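Structure record follows, encoded as structure tokens.
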Amino acid sequence: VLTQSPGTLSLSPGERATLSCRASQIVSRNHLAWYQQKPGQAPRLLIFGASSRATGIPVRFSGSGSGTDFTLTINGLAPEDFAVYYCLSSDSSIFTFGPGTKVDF
Amino acid sequence: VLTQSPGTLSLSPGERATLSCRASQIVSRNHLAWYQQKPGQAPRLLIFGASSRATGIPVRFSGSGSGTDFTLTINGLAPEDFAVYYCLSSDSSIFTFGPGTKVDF
Amino acid sequence: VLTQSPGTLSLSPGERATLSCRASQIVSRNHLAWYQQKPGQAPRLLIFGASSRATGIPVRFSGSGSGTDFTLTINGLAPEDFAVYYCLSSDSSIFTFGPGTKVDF
Amino acid sequence: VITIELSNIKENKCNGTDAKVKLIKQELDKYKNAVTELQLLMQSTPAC
Amino acid sequence: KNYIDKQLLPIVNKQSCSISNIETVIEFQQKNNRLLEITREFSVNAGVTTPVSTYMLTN
Amino acid sequence: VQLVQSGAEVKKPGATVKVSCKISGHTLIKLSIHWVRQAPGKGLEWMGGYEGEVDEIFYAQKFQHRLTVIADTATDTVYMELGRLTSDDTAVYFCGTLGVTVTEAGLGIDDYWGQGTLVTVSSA
Amino acid sequence: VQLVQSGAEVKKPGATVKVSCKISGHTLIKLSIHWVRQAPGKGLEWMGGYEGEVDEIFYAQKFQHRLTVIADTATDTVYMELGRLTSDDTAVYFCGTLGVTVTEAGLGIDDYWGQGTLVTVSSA
Amino acid sequence: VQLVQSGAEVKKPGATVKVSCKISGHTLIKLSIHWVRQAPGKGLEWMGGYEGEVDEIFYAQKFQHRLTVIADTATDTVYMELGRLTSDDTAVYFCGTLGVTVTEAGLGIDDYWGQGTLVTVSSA
Numbered sequence: 003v004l005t006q007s008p009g010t011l012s013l014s015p016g017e018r019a020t021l022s023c024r025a026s027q028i029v030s031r032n033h034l035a036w037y038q039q040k041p042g043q044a045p046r047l048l049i050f051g052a053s054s055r056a057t058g059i060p061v062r063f064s065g066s067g068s069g070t071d072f073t074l075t076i077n078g079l080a081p082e083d084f085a086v087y088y089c090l091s092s093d094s095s096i097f098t099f100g101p102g103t104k105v106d107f
Numbered sequence: 003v004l005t006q007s008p009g010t011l012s013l014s015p016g017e018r019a020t021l022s023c024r025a026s027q028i029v030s031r032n033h034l035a036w037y038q039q040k041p042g043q044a045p046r047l048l049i050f051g052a053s054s055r056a057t058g059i060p061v062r063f064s065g066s067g068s069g070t071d072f073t074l075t076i077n078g079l080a081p082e083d084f085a086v087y088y089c090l091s092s093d094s095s096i097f098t099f100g101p102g103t104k105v106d107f
Numbered sequence: 003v004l005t006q007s008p009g010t011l012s013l014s015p016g017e018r019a020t021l022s023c024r025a026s027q028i029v030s031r032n033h034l035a036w037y038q039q040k041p042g043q044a045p046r047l048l049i050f051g052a053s054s055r056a057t058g059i060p061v062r063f064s065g066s067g068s069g070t071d072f073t074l075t076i077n078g079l080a081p082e083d084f085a086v087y088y089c090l091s092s093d094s095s096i097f098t099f100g101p102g103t104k105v106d107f
Numbered sequence: 143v144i145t146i147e148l149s150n151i152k153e154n155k156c157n158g159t160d161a162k163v164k165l166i167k168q169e170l171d172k173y174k175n176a177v178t179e180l181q182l183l184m185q186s187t188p189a190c
Numbered sequence: 016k017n018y019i020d021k022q023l024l025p026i027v028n029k030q031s032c033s034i035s036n037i038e039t040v041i042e043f044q045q046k047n048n049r050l051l052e053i054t055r056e057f058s059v060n061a062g063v064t065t066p067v068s069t070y071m072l073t074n
Numbered sequence: 139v140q141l142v143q144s145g146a147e148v149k150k151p152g153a154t155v156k157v158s159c160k161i162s163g164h165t166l167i168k169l170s171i172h173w174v175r176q177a178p179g180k181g182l183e184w185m186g187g188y189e190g191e192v193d194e195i196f197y198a199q200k201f202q203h204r205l206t207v208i209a210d211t212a213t214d215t216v217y218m219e220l221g222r223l224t225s226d227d228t229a230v231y232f233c234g235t236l237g238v239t240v241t242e243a244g245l246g247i248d249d250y251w252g253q254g255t256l257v258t259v260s261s262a
Numbered sequence: 139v140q141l142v143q144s145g146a147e148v149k150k151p152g153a154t155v156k157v158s159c160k161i162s163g164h165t166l167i168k169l170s171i172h173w174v175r176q177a178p179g180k181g182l183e184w185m186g187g188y189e190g191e192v193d194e195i196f197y198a199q200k201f202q203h204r205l206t207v208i209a210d211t212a213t214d215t216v217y218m219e220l221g222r223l224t225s226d227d228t229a230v231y232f233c234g235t236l237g238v239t240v241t242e243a244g245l246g247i248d249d250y251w252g253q254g255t256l257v258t259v260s261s262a
Numbered sequence: 139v140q141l142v143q144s145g146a147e148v149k150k151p152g153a154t155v156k157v158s159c160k161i162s163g164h165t166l167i168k169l170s171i172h173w174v175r176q177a178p179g180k181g182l183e184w185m186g187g188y189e190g191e192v193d194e195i196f197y198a199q200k201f202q203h204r205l206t207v208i209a210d211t212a213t214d215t216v217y218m219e220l221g222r223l224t225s226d227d228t229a230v231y232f233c234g235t236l237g238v239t240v241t242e243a244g245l246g247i248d249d250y251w252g253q254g255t256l257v258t259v260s261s262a
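Dropping the structure here:
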């Protein structure tokens, strides 16, 4: 059971953003990934292992976290990354997504 | 003069636990260790240098801190590690223990 | 537009001190330096890049920070380093100082 | 005469699953082998 | 002797050794590289070497 | 390198549907495929999938005993069969190849996700 | 290795002043020299400077079109003029050589700062 | 490799007690031994010890001039003496070998702690 916060945010483009992901039960530092999905298309994979970038994303994206708290921060908020940011987890071999947060404005 | 917190805690097994150690006067990052001991037996040495594990302890235990604040966190809390966790220190060469926190439940 | 805090502090020597520097708009982790200067003389350069020491300063000084929050902490506070601490920044190539904090007592 | 100063070590009693210490123990063992190997090479006189 | 005896000897004899950073291991590997090449070159010529290599008596 | 889905269709309650995935550029003996359902305006949820590295299939507990996945390794196809289809399962279905292979050195993951298709459970 | 400033003087409003800096130990083809102003009891402010590495001259937006900085590379000096001088510019002026040269491996900076001098805008 | 304590006993106020420590496995020319007292249900407190690496003895400020610790290097034994024994010192005594030897490369520590014995200050 994963919880995202602060739900919906509408910060102006060009400033850093912070997203949070909490877990009811303890999960590993790995077995965790973040997906951003514009509506209707395939969700891309932003980071894996909660601290490692993917192949083909800008340096602006960066994530951290340990224990039951995982935060994703984007330094440069370009007008091309306004979508829903999911927080996938994996306890042993099962997958469970999160409610989802939206970046507006 | 070292003070521990939050005194006594009674969290359920299987959840990460946080212990804190504050120093009245500034101490080095080294010259600090954490001892857990069950009553009546010889205390074991968990971590030394406030960030380095000992020889023969599980990966779950991990400690951090710098300055006058030192925190010990354990991710997996097995039923075999319910004991009193002391916070040793040494300014120049003098050893001064702490009040001691007890993990219950 | 950089704002410093907590303005003026008067802590006793021998205890760690904390200074803060906030930026209205996002600046790089580099392109930032901390200058301490006694009145009437040439300012010295303490750290550059917000995490790297200079050439010829004690190990006590150390700085960190990322995004729009930059913190400078000094472990040992000798009577030698009572001065005004500035926080320079350069967004693209234009320099702009801060209001300036003062360490008293 | 060329003199090289080297320090002898008996045995490393410390263990650990860490990575940085593993490299040091590996190299110290390799250092010991070079001294031990060269110890038996001195016994025979040079052939020239 | 100024490196192993002064720095690395008190640590590895305490049963709970813990090296601080990897920047020390890499430095130590460079110092312990000349001594390895000397015994390697002496192990095939059985004692007498010609010409003297750079590892033995550098320029 | 790109996954291909089947075509969209309309369905009626009480029947069983079939979805398919085609791989062109890999062997499926190493890639791990899953199935995710995105509601019209809600979040996604993992349904199930087959990994191939261990040659094992897991199904979600809330969808347990309701669906059966058959993957033909030689034919290079993974089949999505959904029985007891109700009227509230009108959602977009993506396959997705998500999974971390943790070893003693690092992590490994990938993402193809195909293109996805929608199924509508209408009346007539 | 040390920068040397000019001599202090008194000035009257409406005129233009000149400040100079001499370098003995470098070539000015690689250094970057700027100009900062410290009010009597207030914080500093970056006025302008000459880059040197790129051979460019920078002026602050709030001080644009009011002063012109000329540096003679062969003579090894930097000249900072100040036109439209008011009565509130009585402050100590340090030159300073501050600037980061970020590359793909690390960072580089230095600081000489000379000794500085004060200019007083009096009446008579 | 294991430390062995003396035998537990009862005592009366006003006398002086002796506690012994036997080392079997090392040479004590490098081991650092100390003495910790644990009250019946309270925390521990460091009292004194002998380092061996520097061949120096430190005593706690609150216990100075009340106890004297003598360690025979040749007879691999450190003796714990406690003078002016009151009625509130009924506590378990562990020796412990705790100490950090910080160098330019890392840190070093160990722990044996023996087994500990209790001393009771009764009336008769």
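Residue numbers (our numbering), protein chains in the order written: chain D, 3 to 107; chain A, 3 to 107; chain V, 3 to 107; chain Y, 143 to 190; chain P, 16 to 74; chain Z, 139 to 262; chain W, 139 to 262; chain L, 139 to 262.
From the three backbone atoms N, C-alpha and C, an ideal C-beta is built for every residue, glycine too.
Per-residue contacts from residue 30 of chain P into chain A (C-beta, under 8 Å): By one-based count along the fifth sequence, residue 30 of chain P stands at place 15. Neighbours of residue 30 of chain P on chain A, chain order: 57.
Contact under 9 Å by Cβ, residue 263 of chain W with residue 187 of chain W: The displayed coordinates of chain W run from 139 to 262. Any statement about residue 263 of chain W would go beyond what the structure contains.
Interface partners of residue 54 of chain A on chain P, CB under 7 Å: Start at 1 with the first residue of the second sequence, and residue 54 of chain A comes out as number 52. Per Cβ cutoff of 7 Å: 33.
Secondary structure, beta strand (DSSP E): runs of 3+ residues fully inside the segment 188-225 of chain L: List check, beta strand (DSSP E) in window: 195-197, 205-210, 215-220.
Distance CB(residue 167 of chain Z)-CB(residue 211 of chain Z) smaller than 9 Å: To locate residue 167 of chain Z, count along the sixth sequence from 1; it is residue 29. To locate residue 211 of chain Z, count along the sixth sequence from 1; it is residue 73. Yes, the Cβ-Cβ distance between residue 167 of chain Z and residue 211 of chain Z is below 9 Å.
Candidates Z:228, Z:153, Z:218: closest to residue 178 of chain Z by CA position: Position 40 of the sixth sequence, counting from 1, holds the residue named residue 178 of chain Z. Taking only the C-alpha atoms, the option nearest residue 178 of chain Z is Z:228.
Cβ neighbour criterion (16 or more within 10 Å) applied to residue 165 of chain Z: Stepping through the sixth sequence from its first residue, residue 165 of chain Z is reached at position 27. Exposed, since its Cβ has fewer than 16 Cβ neighbours within 10 Å.
7 Å CB neighbourhood of residue 47 of chain A in its chain, flanking five on each side removed: Position 45 of the second sequence, counted from the start, is the residue given in the question as residue 47 of chain A. Apart from the 5 residues on each side of it in sequence, residue 47 of chain A sits with its Cβ closer than 7 Å to the Cβ of 35, 37, 56 in its chain, given in chain order.
Bridge-paired residues (DSSP) for residue 172 of chain W: The sequence position of residue 172 of chain W within the seventh sequence is 34, counting from 1. Answer by DSSP bridge pairing, in chain order: W:187.
Residue range of the unbroken beta strand (DSSP E) whose run includes residue 53 of chain P: For this step, residue 53 of chain P is matched to residue 38 along the fifth sequence. It is not in any beta strand (DSSP E) - residue 53 of chain P instead sits in the alpha helix (DSSP H) that spans 37-60.
Pair within 9 Å by beta-carbon distance, residue 90 of chain D and residue 19 of chain D: The residue given as residue 90 of chain D occupies position 88 in the first sequence. The residue given as residue 19 of chain D occupies position 17 in the first sequence. In this structure, residue 19 of chain D does not lie closer than 9 Å to residue 90 of chain D by Cβ.
Test item: CB-CB of residue 139 of chain W and residue 250 of chain W under 9 Å: On the seventh sequence, residue 139 of chain W is found 1 positions in, with the first residue counted as 1. On the seventh sequence, residue 250 of chain W is found 112 positions in, with the first residue counted as 1. Taking C-beta atoms as the reference points, residue 139 of chain W and residue 250 of chain W count as a pair closer than 9 Å.
Rounded C-alpha distance that separates residue 248 of chain W from residue 239 of chain W: Start at 1 with the first residue of the seventh sequence, and residue 248 of chain W comes out as number 110. Start at 1 with the first residue of the seventh sequence, and residue 239 of chain W comes out as number 101. When only Cα atoms are considered, residue 248 of chain W and residue 239 of chain W end up about 10 Å apart.
is_contact[residue 16 of chain D, chain B] using C-beta, thresh 9 Å: Absence of chain B from the displayed structure is noted, the protein chains being D, A, V, Y, P, Z, W and L.
Residue from L:201, L:148, L:152, L:149 whose Cα sits closest to the Cα of residue 96 of chain A: Numbered from 1 along the second sequence, position 94 holds the residue referred to as residue 96 of chain A. Each of L:201, L:148, L:152, L:149 was checked against the Cα of residue 96 of chain A, and the nearest Cα belongs to L:201.
Pick from L:148, L:146, L:183 that is closest to residue 99 of chain A, judged by C-alpha positions: Translated into the one-based positions of the second sequence, residue 99 of chain A becomes position 97. Looking from the CA of residue 99 of chain A, the closest CA among L:148, L:146, L:183 belongs to L:183.
C-beta neighbour in chain V for residue 201 of chain W, strict 9 Å: Taking the seventh sequence and counting its residues from 1, one reaches residue 201 of chain W at position 63. Residue 201 of chain W does not count as touching chain V.
Selection from A:33, A:67, A:102, A:7 that minimises the alpha carbon distance to residue 94 of chain A: If you number the second sequence from 1, residue 94 of chain A lands on position 92. With distances taken between CA atoms, residue 94 of chain A lies nearest to A:33 out of A:33, A:67, A:102, A:7.
Per-residue contacts from residue 160 of chain Y into chain P (C-beta, under 9 Å): Within the fourth sequence, the letter at position 18 stands for residue 160 of chain Y. What residue 160 of chain Y touches in chain P: 32, 33, 34.
Beta-ladder partner(s) of residue 71 of chain D, from DSSP: By one-based count along the first sequence, residue 71 of chain D stands at place 69. According to DSSP, residue 71 of chain D shares a beta bridge with D:24.
Beta-carbon neighbours of residue 37 of chain P, restricted to chain L and to distances below 8 Å: Here residue 37 of chain P refers to the residue found at position 22 of the fifth sequence. Residues of chain L passing the Cβ test: none, with the nearest at roughly 11 Å.
Residues sharing a beta bridge with residue 55 of chain V, DSSP: Against the third sequence, residue 55 of chain V aligns to sequence position 53. Per DSSP, V:49.
Given residue 25 of chain V as reference, the closest of V:16, V:85, V:72 once Cα atoms are compared: Numbered from its first residue, the third sequence carries residue 25 of chain V at position 23. When each option's Cα is compared against that of residue 25 of chain V, the closest is V:72.
For residue 23 of chain P, the three-state DSSP class (helix, strand or coil): The residue given as residue 23 of chain P occupies position 8 in the fifth sequence. DSSP, read as helix, strand or coil, puts residue 23 of chain P in helix.
Buried versus exposed, by CB contacts within 10 Å (16 or more), residue 237 of chain Z: Walking along the sixth sequence from the start, residue 237 of chain Z turns up at place 99. Buried, because 16 or more other Cβ atoms sit within 10 Å of the Cβ of residue 237 of chain Z.
Opening and closing residue of the beta strand (DSSP E) in which residue 176 of chain Y lies: Sequence index remark: in the fourth sequence, residue 176 of chain Y carries index 34 (1-based). Following the DSSP letters along the chain, one finds residue 176 of chain Y in no beta strand (DSSP E) but inside the alpha helix (DSSP H) bounded by residues 162-183.
Under the three-state DSSP convention, the category residue 153 of chain Y falls into: Here residue 153 of chain Y refers to the residue found at position 11 of the fourth sequence. Correct three-state label for residue 153 of chain Y: coil.
Within 9 Å, strictly: CB atoms of residue 217 of chain Z and residue 230 of chain Z: Start at 1 with the first residue of the sixth sequence, and residue 217 of chain Z comes out as number 79. Start at 1 with the first residue of the sixth sequence, and residue 230 of chain Z comes out as number 92. Their beta carbons are not under 9 Å apart, which means residue 217 of chain Z does not touch residue 230 of chain Z by this criterion.
Start and end residues, beta strand (DSSP E) containing residue 105 of chain A: What you label residue 105 of chain A is simply residue 103 of the second sequence in a count that begins at 1. Unbroken beta strand (DSSP E) run through residue 105 of chain A: 103-105.
Outcome for residue 260 of chain L when other beta-carbon atoms lying within 10 angstroms are tallied against a minimum of 16: To locate residue 260 of chain L, count along the eighth sequence from 1; it is residue 122. With fewer than 16 other Cβ atoms inside 10 Å of its own Cβ, residue 260 of chain L counts as exposed.
DSSP state of residue 82 of chain A mapped onto helix, strand, coil: Along the second sequence, one-based indexing puts residue 82 of chain A at 80. DSSP places residue 82 of chain A outside both helix and strand once states are collapsed to three, so it counts as coil.
Residues from the segment 62-93 of chain A in contact with chain P, defined by Cβ distance under 8 Å: So the list is empty, because no residue satisfies the distance condition.
Beta-carbon separation (whole angstroms), residue 1 of chain V vs residue 23 of chain V, contact threshold 8 Å: Summary: the structure shown does not reach residue 1 of chain V, with chain V confined to residues 3 through 107, and so no result is reported for it.
Within chain L, partners of residue 96 of chain A - CB distance below 9 Å: In the second sequence, counting from the first residue as 1, residue 96 of chain A sits at position 94. Listed by position along chain L, the residues whose Cβ is nearer than 9 Å to that of residue 96 of chain A are 184, 196, 198, 199.
Backbone CA spacing between residue 16 of chain D and residue 62 of chain D [nearest angstrom]: The sequence position of residue 16 of chain D within the first sequence is 14, counting from 1. The sequence position of residue 62 of chain D within the first sequence is 60, counting from 1. Straight through space, the alpha carbons of residue 62 of chain D and residue 16 of chain D are spaced by roughly 11 Å.
Same chain, Cβ closer than 6 Å to residue 92 of chain D, five either side skipped, listed in chain order: As a first step, residue 92 of chain D is located in the first sequence; it is residue number 90 there, counting from the start. Excluding residues within five positions, the ones whose Cβ falls inside 6 Å are 33.
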